[PDB]
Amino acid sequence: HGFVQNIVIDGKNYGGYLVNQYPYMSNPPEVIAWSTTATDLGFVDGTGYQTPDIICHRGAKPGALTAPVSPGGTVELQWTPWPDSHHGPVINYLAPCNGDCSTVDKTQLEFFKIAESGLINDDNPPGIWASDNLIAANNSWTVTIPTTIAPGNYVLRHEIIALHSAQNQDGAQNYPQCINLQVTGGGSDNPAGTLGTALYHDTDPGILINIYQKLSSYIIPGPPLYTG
């Protein structure tokens, strides 16, 4: 359980969608982060992979604002403290808004994977995962925006998938967090995108999995990584 509190880009903080504060107001502030109804700080499990909830989390609506990023710039997402028990991959996608991200229909977004990190070491099962890297970085993840993609407005869908209960069907816990970015530069690629509801299926080998045994490999879920 947790969420993204803050986003650091080019020397300033962009406050996140504070899901334990803003839902409790009739008049919440405008931010670059999508609003959600996930006030339990919880997740979307396999029962929701083909519902709109998987796209940007439960009940999500686009943020009003969009943050510019320098070409090949970094975006640092700062989480609430991630539990070590919640071992799993950290995955990053972009989907073009083809216009203002604040007015997109999320069900039409087509995401391409820009980064993925999974099982890092398995000397002591359940092992060390991307989630553990996130914890070791004081609950932060740094995403680099590719220089090779077409500039424009994009949703960044940043996600941890916790696997501590994933040995049962629908036991994996997805924690997607979306923010609006203005990607800048000279790139030209428009990578093939995957609908949010076609990212994951509840029997995928990286989703329905027993992490407590020795693992010879880990197939990070979702569509293929865009490599340039």
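Numbers for residues come from their place in the sequence shown, where the first is 1.
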query	finding
Mean C-alpha B-factor comparison - 129-137 and 99-107, higher one	99-107
Given 12-20 and 215-223, the range whose Cα B-factors average higher in the PDB entry	215-223
Maximum C-alpha temperature factor, selected from 35, 173, 26, 180	26
Identity of residue with top Cα B-factor, from 150, 156, 91, 77	150
Entry-reported Cα temperature factor of residue 118, expressed as the chain third it lands in	lowest
Third of chain Cα B-factors occupied by residue 55	lowest
Chain thirds of CA B-factor: placement of residue 31	middle
Residue 192 - which third its CA temperature factor falls in, relative to the rest of the chain	highest
Ranked against its chain, the third holding the CA B-factor of residue 69	highest
